Amino acid sequence: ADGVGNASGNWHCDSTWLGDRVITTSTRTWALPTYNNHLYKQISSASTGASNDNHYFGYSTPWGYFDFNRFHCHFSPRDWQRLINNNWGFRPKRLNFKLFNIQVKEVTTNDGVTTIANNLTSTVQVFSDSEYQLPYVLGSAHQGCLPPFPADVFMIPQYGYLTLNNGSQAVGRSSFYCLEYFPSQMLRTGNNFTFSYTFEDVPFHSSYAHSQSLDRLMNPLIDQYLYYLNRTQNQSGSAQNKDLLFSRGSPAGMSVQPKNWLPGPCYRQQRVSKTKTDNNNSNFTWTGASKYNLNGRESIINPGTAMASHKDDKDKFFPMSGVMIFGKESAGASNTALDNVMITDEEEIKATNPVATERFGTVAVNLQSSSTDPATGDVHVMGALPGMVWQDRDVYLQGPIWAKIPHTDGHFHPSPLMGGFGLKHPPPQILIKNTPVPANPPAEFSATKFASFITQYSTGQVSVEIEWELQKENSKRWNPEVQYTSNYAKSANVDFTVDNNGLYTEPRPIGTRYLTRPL
Amino acid sequence: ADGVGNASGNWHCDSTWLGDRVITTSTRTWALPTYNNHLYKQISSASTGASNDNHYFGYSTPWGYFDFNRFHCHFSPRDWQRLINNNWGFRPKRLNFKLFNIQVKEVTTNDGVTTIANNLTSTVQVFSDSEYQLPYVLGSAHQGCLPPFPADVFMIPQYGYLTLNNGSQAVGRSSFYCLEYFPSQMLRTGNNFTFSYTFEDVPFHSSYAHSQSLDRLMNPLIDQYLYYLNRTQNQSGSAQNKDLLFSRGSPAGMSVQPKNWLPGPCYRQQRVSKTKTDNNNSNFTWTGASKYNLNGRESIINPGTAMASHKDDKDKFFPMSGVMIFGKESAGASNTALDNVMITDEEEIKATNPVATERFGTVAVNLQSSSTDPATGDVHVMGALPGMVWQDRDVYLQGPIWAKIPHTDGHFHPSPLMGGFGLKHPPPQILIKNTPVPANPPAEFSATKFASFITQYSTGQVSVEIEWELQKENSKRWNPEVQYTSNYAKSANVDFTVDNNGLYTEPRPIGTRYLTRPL
Amino acid sequence: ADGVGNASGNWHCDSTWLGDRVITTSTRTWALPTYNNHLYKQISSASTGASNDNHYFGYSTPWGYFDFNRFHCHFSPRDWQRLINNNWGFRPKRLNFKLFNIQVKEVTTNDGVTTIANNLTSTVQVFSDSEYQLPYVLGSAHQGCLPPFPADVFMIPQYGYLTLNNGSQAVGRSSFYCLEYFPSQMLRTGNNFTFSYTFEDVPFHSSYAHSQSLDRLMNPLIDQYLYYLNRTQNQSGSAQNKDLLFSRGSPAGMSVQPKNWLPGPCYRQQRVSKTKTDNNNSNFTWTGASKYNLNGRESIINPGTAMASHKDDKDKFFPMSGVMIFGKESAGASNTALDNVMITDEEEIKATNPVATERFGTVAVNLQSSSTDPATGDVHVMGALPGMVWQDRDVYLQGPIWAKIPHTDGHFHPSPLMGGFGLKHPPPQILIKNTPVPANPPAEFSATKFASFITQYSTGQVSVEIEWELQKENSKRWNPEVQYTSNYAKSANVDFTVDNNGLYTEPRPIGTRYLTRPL
Amino acid sequence: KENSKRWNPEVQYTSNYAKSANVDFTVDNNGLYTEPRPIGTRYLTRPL
Ligand SMILES: Nc1ncnc2c1ncn2[C@@H]1C[C@@H](O)[C@@H](COP(=O)(O)O)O1
Ligand SMILES: Nc1ncnc2c1ncn2[C@@H]1C[C@@H](O)[C@@H](COP(=O)(O)O)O1
Ligand SMILES: Nc1ncnc2c1ncn2[C@@H]1C[C@@H](O)[C@@H](COP(=O)(O)O)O1
Ligand SMILES: Nc1ccnc(=O)[nH]1
Ligand SMILES: Nc1ccnc(=O)[nH]1
Ligand SMILES: Nc1ccnc(=O)[nH]1
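Let me sum up the structure you'll find in this document.

Thresholds applied
- Residues numbered from 1 in each chain as written, not as in the entry; some residues may be left out.
- Chains lettered and ligands numbered in written order.
- Part of a larger assembly, values for the part shown.
- Heavy atoms only, no water.
- Salt bridge = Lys/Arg side-chain N within 4 Å of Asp/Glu carboxyl O.
- Helix = DSSP H or I, 4+ residues; strand = E, 2+ residues; numbered from the N terminus.
- Buried < 20%, exposed > 50% of the residue type's maximum accessible area, 1.4 Å probe, protein only.
- Polar contact = N/O pair within 3.5 Å; in protein donor to acceptor, adjacent residues only side chain to side chain.
- Near = heavy atom within 4 Å.
- Areas by Shrake-Rupley, 256 points an atom, 1.4 Å probe, with all protein chains shown as cover.
- Nonpolar A, V, L, I, M, F, W, Y, C, P; charged D, E, K, R; others polar.
- Core = buried A, V, L, I, M, F, W, Y, C linked by side-chain atoms within 4.5 Å.
- Contact = heavy atoms within 4.5 Å.

1. Some details on the pattern of salt bridges
Turning to step 1, where the next piece is worked out: Under the defined criterion, the tally for this structure stands at 75 salt bridges over all chains.
Turning to step 2, where the next piece is worked out: Across the pair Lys-311 of chain A and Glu-358 of chain A runs a salt bridge, and its minimum N-O distance is 3.1 Å. One end of the pair, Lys-311 of chain A, is in the loop between β21 (297–300) and β22 (317–319); the other, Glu-358 of chain A, is in the loop between β24 (341–343) and β25 (361–364), with 47 residues separating them in the sequence.
Turning to step 3, where the next piece is worked out: Since its relative accessible area comes to 34%, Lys-311 of chain A is described here as partly exposed.
Turning to step 4, where the next piece is worked out: Note that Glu-346 of chain B and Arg-393 of chain B form a salt bridge whose closest N and O atoms lie 3.3 Å from each other. Linking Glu-346 of chain B in the loop between β24 (341–343) and β25 (361–364) with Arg-393 of chain B in the loop between β28 (389–390) and β29 (402–404), this pair joins segments that are 47 residues apart in sequence. As far as burial versus exposure is concerned, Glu-346 of chain B and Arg-393 of chain B are alike and both buried.
Turning to step 5, where the next piece is worked out: Residues participating in the shared-partner salt-bridge network are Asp-20, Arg-21, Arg-91, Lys-93, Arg-94, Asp-201, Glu-467 and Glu-469 of chain A.

2. Quick look at the side chain of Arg-393 of chain B
Residues and elements named next belong to chain B.
Turning to step 1, where the next piece is worked out: By relative accessible area, which is 4% here, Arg-393 ends up buried.
Turning to step 2, where the next piece is worked out: In this structure the side chain of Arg-393 is engaged in a polar contact, spanning 3.2 Å, whose partner is the backbone oxygen of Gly-304.
Turning to step 3, where the next piece is worked out: Engagement of the side chain of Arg-393 in a polar contact is seen with the backbone oxygen of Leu-417, the distance being 3.0 Å.

3. What about the site of ligand 3?
Residues and elements named next belong to chain C.
Turning to step 1, where the next piece is worked out: Close to ligand 3 lie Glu-200, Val-202, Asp-392, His-411, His-413, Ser-415, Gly-422 and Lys-424, which account for all nearby residues.
Turning to step 2, where the next piece is worked out: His-411 has a polar side-chain atom sitting 2.7 Å from an oxygen atom of ligand 3.
Turning to step 3, where the next piece is worked out: Relative to its unbound accessible area of 480 Å², ligand 3 is 67% covered by the protein chains.
Turning to step 4, where the next piece is worked out: Across the shell around ligand 3, the residue classes tally to one nonpolar, four polar and three charged.

4. A closer look at the nonpolar core
Within soluble globular proteins, side chains that are nonpolar tend to cluster in buried spots.
Turning to step 1, where the next piece is worked out: Judged by nonpolar contacts, the single largest core of 140 residues is most densely connected at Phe-66, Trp-80 and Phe-97 of chain A together with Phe-66, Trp-80 and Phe-97 of chain B.
Turning to step 2, where the next piece is worked out: Residue contributions to this core peak at seven residues, all from strand β5 (residues 87–110) of chain B.
Turning to step 3, where the next piece is worked out: Setting aside its immediate chain neighbours within four residues, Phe-97 of chain B contacts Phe-66, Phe-68, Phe-193, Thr-194, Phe-195, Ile-430, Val-462, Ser-463 and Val-464 of chain B.

Below you can see the structure in the form of C-alpha cells.
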C-alpha cells in the first residue's frame, strides 16, 4: 500500500548542521522513458570506421539508473560555501534512498495529436545491485545525475555497459548480464521503494591548502649539524684546481640543505596556453599527448596524476589533459570555444606536488672522472619513492563524489584520479525500468517473439539523504584566511541563479581548498 | 484484496545454490487474448483431405494454459553449466506458482484507429486441475512455454484436446470436457493466485557418461576360469576335420569371454547422412520409416528407444527419427534447410545402449549338422531380456522436464521417450481465461444465445519456483573430465545472447552428460 | 600392535549349521609378489594385430586384490551336499574379512644362488574400496580366488582395469585411477587388518527343480468352461468345406487348452554335439555364433539367457555358448580336448524356460483369406512378454557367487547372466600391495625418477567368514527326491580328494537343483 | 565461491574429448607420469 489517490512520500529537502555533522537531503522529480522498446541490444564500434583505439563491445539495456554522484546534487552553493570556508575536511557516513509518488502515463499518438493518460495498473521495477554483480558505470562522470537546482525535472539515464573486446568483436571471456535475472521490486502508483547504505571508513578529504612547502620547512634562523659537498674545484688560487670543500646547512642556502622528504610522484604532461598565439601551430592534442598503452589501445592519461596546474604567476597555462574541465551551459558537444568551458586550477598543491608541465627533477646519468665529464638528464616520469608525500586532486561543487575501487589484486593509493573517495563497496547502482505492457495480441496463438507494446513512461520524485562528517578546524593562525566569497561589485545577474528565462547557471567551479594548515 | 493502484506481487527471479539443493525461481510477463470468442468449438480432420493416419477429433477451448515444462524456463545458460559440470544427477522436489499484477485491457478498434483502455472491473479466471480430470497436453513438446530470456513477453497458448476418433468422426466413448464446470478463482487487478505442488519420488536423472563399456568390463590382466567352444574344425592336420576344441577366457580375446549382462533393448531405425550425396535419391522419410501401427493408423516412432545416435567416428550420420531436433530461431515452419535446425547427439550412451541404425545382434536360425549348414540372421528389433541394462535419453537445456505417465494397467520403465521424468502425478495444468463481458444487450429480452462482447485481453507476471535436489559427484578419477565450455576464440556474437536487434538466440543444444562415472 | 614374535591371528576355518543359518568361515595362506616393479603401466591391444573386436585400452596396476567370489571358497564338497540336498534356497547375509600373520621377505639373488631373508620393517598396504570408486573386476570369473582345498597356498592376482577405447586408442572420457590416491592402512609383521560388510536384501537362490511344467499345470480329470476354434474346414461331408467348429478344453488335448502364463524369454543359440561326427564340418565357432553388437564390436552372448541346455533324452548336445564350462585340472590354455573340460547341464529348467537350441515358438505372419493362405514363421528371439515366468541359471560349487549390478539408468531382472546374486552394493574389492623399498640411492641428489628397489614379496593368512541364510523345505511330496550322492561303486580315487601326488581335484560340477517344488 | 550474475557460459578447463594415443596427466606404457600442459587458475569471470 497504500492507494491511488494517496501520496506515497513527501518532499524532504533541507540541510542540517550539527557541529561535526551535516545532513544534506535533497529531492528531485524525475521522468523515465521506455528504452530500446524493452530490448537488450548488442552494440559495438563495428562498422563505425572508428579508430583502432576507440573499438568496443557491449550491450545496451532497457533499464534506467539513478545517479547522484556529484556534490551539487546534495550541497547548495551556499552550503558548499559553509563547508569549504570552515572545515579542514569531510567524508560521507551513511545515506538514505527513496522512490515515491510514482505515476505511469501511456501516450497514444495519432494524427500528430498525441494524448497522455494514466495507466493506473502499470508497474515500475527497481532494485539496488547491493552485491555489485553488475558492471559499475557510476563514477565515470556521465550526465544524468540529479540536477543542481531543486526545481529542475530530469530524465533518468539509460543503463548500458561494456565487456572484453578484440577490435569490434567479442571474446570467449566476455560477459552478458540480464537485469531481469535479479530479484526486483515492482511498484504501482501507491507503492514506494526505500533503502539505506552505510559508507565504509574512508580518509577525510583534504579541504585545505598547505601554508608551507616541502623545501621551505626548516628553521630560517639556525644552521644544521650536517654538511654537504659544496665545491669540487677550489675558488680562485688564480687557477682552477680540483678540490673537496664542504659547507654546512645554512639558511643562506636552503636549496641545498639535507631534507627528510620528497615531492609527490609525477608523470609529465604537455603544456598549452589560453592565448593561442603562444601555442605551436599544429594539432598536438593526440600527437604530443601523454597516453598509456593498454593491450594495443592507447588512451589519454586524463587528468592523471595530481600535479600543480602551473607554477606561481602563470594561471595562464594548463596541463593539456591534467585538469578537470566543466562546460558552461552554453558549451556545445564538440569543438566548442574556450569561453564555453571552465578549466579547474589545481595550483593549491604546488607546495607538495610537482608541477604537471615541468620535469620532476634531474638525475645523474654517468660516472664522472677527470677524463669524462659529469652528465645528467631530466626525469619526466617518477614513480613512488620512499619518503614521498603528496596531496590528492581536489573535488568540486560540480565534480564526482566517489568511484568504485576496481576489484584487482593490488592497487596503489586508490583515490579516484579525477577527484573523490575510493570505495571498496560504494553506494550501489539503483536500477529502474518500466515493465512492458503488451498491446492487443493476435486472436490466435503465435509463438514468435512479442513486439507490440503500449507506449508509456513514468514519473515521480526521488529523495537522497546523506550524513556527512565534518572535521572542524582549529588553526592557531593569526592573520585572516582566504575564503570563497561572491563578488560584491554590482552586475546584471547573480552567481548560481536563474536568468530571465529560468535557466539555472553555475558560473565557476568551486574547489574546497581555502583554509590553511601547516605541513 | 488488495487494490487497483497496488502491486499484487514482486519480481522474484534468482537462482540459489545450497550444497545439495538449488532453487531456481524465474518470472516472466505474459499476454492472454480472448480465444474463439469465448466459444467451445468441435474440431476435426474432417474435410481437410488429411491422410488416413492424420485423422482426429476433438474440441478447441476458450481457455489458455500455463506451461513451463522446459529446462530453459528455469535454468540460465550459466546455471545449466554449473549443474551439468559438477553434478552426477538431479531431480525436482517441490514447486511454487504465482499469478499477479494482472491487468485487463479492452481494445476499441475503429477507422483503423484502435484504442486500448483499462477495464478496471473485468476478471480473469484461473484454476489448477490438481485432480487430473482434464486431458493432459503438457509434455508433448508444444510451443508456448515460458521464454528462455527473462526479458521476453510471451503469449499464453490456447487449450485444446483430442478424444477417441474413427476417421474424422467421433465415437460413443468420446469425451467432451467443459472447463467452466470446474471451480475456478476469479481475479481483478488487485487480486493474485498462488499454489504449491510437491514432486513425487523419482530417480535422479543420469547427468553423466560411462567411462567403461559393457563388453570391456573385465580385468585386462587375468584369465577366466570359464571355457568356451573355440573351434569345431581342427586347425591344420593338412585336412579340415570336425572337432571340439575349447579355450578359456583370455584378455587376448575379450570379444568372446562369458559376460554377465546384455546391451540395452533396441528397435532399429533407418540412417541418414548430413551430406546429401551419401543418401539414396528418393523420399524415404515415411516410406522406409520405423512406424508403429495403432488401430489402423501408422505413427512414426520418434525419437523412440534410447540408442546411440551413431558409432564412434561418425557424428556425420543420424537416426532418421531417433534424435531430438530443435530449430534455430531462423528455421521455418516446414521443409527448412539443415543449418536451420540443431540435431542432438546421443552418442554418450554407446557404452551401454545399442547404436540406433545398426542391428542389435545376430541369432542362430537353424539346427546345424553335417548335412545342413549353421545359419544365422540379423535381429533388428529386441525386446527386454533379463540381464539387460541401459541408459535413458539425455535431457537438454531446451528440452522437456517431465511428462505424465499414462494411466494404464501396466507400463515399462516409464521414462518419457523424448527425455525427462515420468510422473504419475505431475505438476497440474494451470488454466486461465478472460471472463466474457457482454456488449450492450438489446432493450428487449431475447432468449437466443448472446454473441456480442467487449473485446479485451489481459496481462500480468507469472512466477515459478522449483527446488531441485542435486546429487554431487565424488569421482576418484585422476585425469581431468570433459566440461561444457564456451569457446574462447573471438567472434562477432556471444553465445546465448541477444544481437544488435534484441533477438535472444540459443546457439546449440546443451546436454547434461559430461562428468564420468564407471559402470 | 602387537609384536614381531607374536601371531596376529589364528586359523579360524570351520562351518556351523544353526537351523536356518549356516556360517562358513575358511582361511587360506597367500603369497603376494611385487607387480610391475611398483609401476602403473598403460596397456592396449595396440600393436598386437588383434582382431577388431578384441581392441582395448586400460592400465595395469602395481596392486594385488583379494577375491573369494566362488562357492568352493566357502563350502566344502560335503557342506555343499548338505546344502543342496535339504534346502529350497539360500542367500548371503553378512561377511567378515581379516588379514594376519603377514610376513615380508626380501630375496637377494646372485650367482644363481638366491637367498630369502625377513625384512622386519617393511610394510604391506590394504584397503577396501567400500565406496566403489574403482572399476569393479570381481564377478568376471577370473582366476586367483581362494583355493577350494584349504591346504593350498595361492598367489594374489594383479589388479588391472579397462576404460573407454576407440580401437587401440583412448578417448577424452577415459578414466585413469591411481590407487595410492586412496587412504590405505599400512602393516608390519605385528599388524593385522579387519573389516565387515553386510549383504543387501536379495532373493533366495532357487535351489530346486520344478515338479510340473507350464503346459501341464491343469486338472487332468476335468474339462474347461472355455472353448477354442478347433476346425476351419468341416470333417468329411465327402468334400472339404469351410467352417467354424469349436471344442472346449479337454484333458484329451492339453496342448490346445487356454492357459495363464508363457514360457521364459529366449535368444536362440546354435547347437553342437559331443560326438564330432554329428557336427557340420567347418569352424562355425564365431561364424554361426549368437553375437551382440555394441558400438562396432561384436561379442559372443555367453552364456546369455537362461535356457534348457537340451530337450529330454539328449544330454548329448549343448548350446554352443549357452552353458558354463569349467576345465578339469588337466585342461590346457587353449584348444584343449573335450574330456579336459566339464560342461554344465541346465536341463533342470526345461519345465519353465525355452530350450536354448530351438525356436521359442511360431507366429502368424499374414492375413489369411480364401485367396491367400495362412502362413507363419519361427520366432528365434523373444523379449519379455507380460505373463512370462522363468527360472534363472543355476549356480555351481565352483561357480560365481555374486556380481555387481552395473550402475545404469535401468536394468531388467539383474541376475548375473552366468549365475549368482545381483548386488547393487556387493562386497568391496580388497586391494593389497607391498610398499616399495628404495635400494641404496646415489650419494648425490638426483631428481630423476627412482627405479632401484629391494626385491621383496609378502605372505600371510586371510580369513573370510560368511553367514548364509537357509530356506528350509517342507515338501509334502510322498516319494523320495533326487539327491546328490557320491557313487558307491569301488574305484582308484575318491571324488574331491588329493591323489598320490597331492593334487586336489574337483571331478564334476555340482549344481544346487535337486529338491522338488511344484509350480 | 563465485556468484557471478553472468548469463552466458564461462570458459572452463576441459580435457580434449577428441580421441588419441594417451590420456592427459597419466602414465604411459612404461609407467612414466606426465603433465602435458601447465594449468592456470584463471577461467571464471568477474567484472572490474
Ligand atoms: N584517499 C585515499 N587514500 C587511500 N585510500 C583511500 C582513499 N580514499 C579511499 N581509500 C580506500 C577506501 C578503502 O577501500 C581503503 C582501501 O581498502 P582496500 O582496497 O585495501 O580493501 O582505502
Ligand atoms: N527413469 C525412470 N525409471 C523408472 N521409473 C521412473 C523413471 N522416471 C520416473 N519414473 C516413475 C515415477 C513413478 O511413477 C514411478 C512409477 O510409479 P507407478 O507407475 O508404478 O505407479 O517411477
Ligand atoms: N535374481 C534376482 N532377481 C531380481 N533382482 C535381483 C536378483 N538378484 C539380485 N537382485 C537385485 C538385488 C538388488 O539390487 C535389487 C535391485 O535393486 P535396484 O537395481 O532396483 O536398485 O534386486
Ligand atoms: N599501497 C599499496 C601497498 C601494497 N599493496 C597495495 O595493493 N597497495
Ligand atoms: N516394469 C514393469 C514391471 C511390471 N509391471 C509393469 O507395469 N512395469
Ligand atoms: N525390471 C525393471 C522394470 C523397470 N525398470 C527397470 O530398470 N527394471
